[PDB]
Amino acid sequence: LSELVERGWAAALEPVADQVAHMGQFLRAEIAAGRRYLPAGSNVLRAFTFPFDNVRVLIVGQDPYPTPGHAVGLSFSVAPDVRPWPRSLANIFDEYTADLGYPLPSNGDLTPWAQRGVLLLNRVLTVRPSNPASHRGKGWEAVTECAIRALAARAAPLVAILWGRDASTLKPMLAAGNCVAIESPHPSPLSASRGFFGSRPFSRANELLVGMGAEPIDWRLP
């Protein structure tokens, strides 16, 4: 892993080295079968290329975007290029503006969040192109479970923003008093109107962080 991911993340993910390699073998066999995978191989583990020690907020999404160009190995982010935004990201940008009173971002690229210690983790790290949540139950779950347990274990505060019923089952792994869960319905249009709008997770996370003696997150995107 030492060559695929930042130093901290390589040590934290050591336990699932076997399983990362194994999911290597899965991507090879998908290309061989004529089904492909998003994101690019070089961006699958991309959420782990920013420092493990600097992570203070965990945003758990479920799967990479099914549309080529959307998925870039950071949950909810799209390529600077891409327009229009998937309605998921639009709904996240709605709430950002409502919560922080910033105007809408000029592109869909969330790397600045990654740079400031937001871990944009999908529970599953690949997807069959144009087929949503299609790589569930293949072996990613144990890899992203290992990442989360290792964040929760650190001598350091953590806010977990958990979007959707599925993301709420990760609460057991965050019971350690240094971790705090914010739960709401997923920003996907199917569920956005059931709780996500008005949920104020960006401002609440920073309140949480400051209460724990952590530096808050500059959420502002250009």
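Start at 1 with the first residue shown and count on from there. For clarity, a rigid core is taken as the largest C-alpha set superposing within 1.5 Å between two forms.
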| field | More shifted region, core-based fit in 9 other deposited structures of this protein, 48-56 vs 173-181 by CA | value | 173-181
| Outlying stretch relative to shown form, 188-196 versus 35-43 in 9 other deposited structures of this protein, C-alpha RMS (core) | 188-196
| task | Between 63-71 and 173-181, name whichever shows the higher mean Cα B factor according to the PDB entry. | result | 173-181
| said: On mean Cα temperature factor in this entry, is 17-25 or 194-202 the higher one? | reply: 194-202
| query | With respect to the C-alpha temperature factors reported in the PDB entry, which of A40, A153, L45, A160 ranks highest? | reply | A153
| note | In this crystal structure's PDB entry, the residue among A79, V118, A98, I92 with the greatest CA B factor is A79
| Against its chain's modelled residues, does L58's Cα B factor rank lowest, middle or highest third? | middle
| message | Per the entry's values, where does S88 land by CA temperature factor relative to the rest of its chain, in the lowest, middle or highest third? | response | highest
| request: Grab the CA temperature factor for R136 from the record and place it in the lowest, middle or highest third of its chain. | output: highest
| Position of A214 among the chain's modelled residues by C-alpha B-factor, lowest, middle or highest third | highest
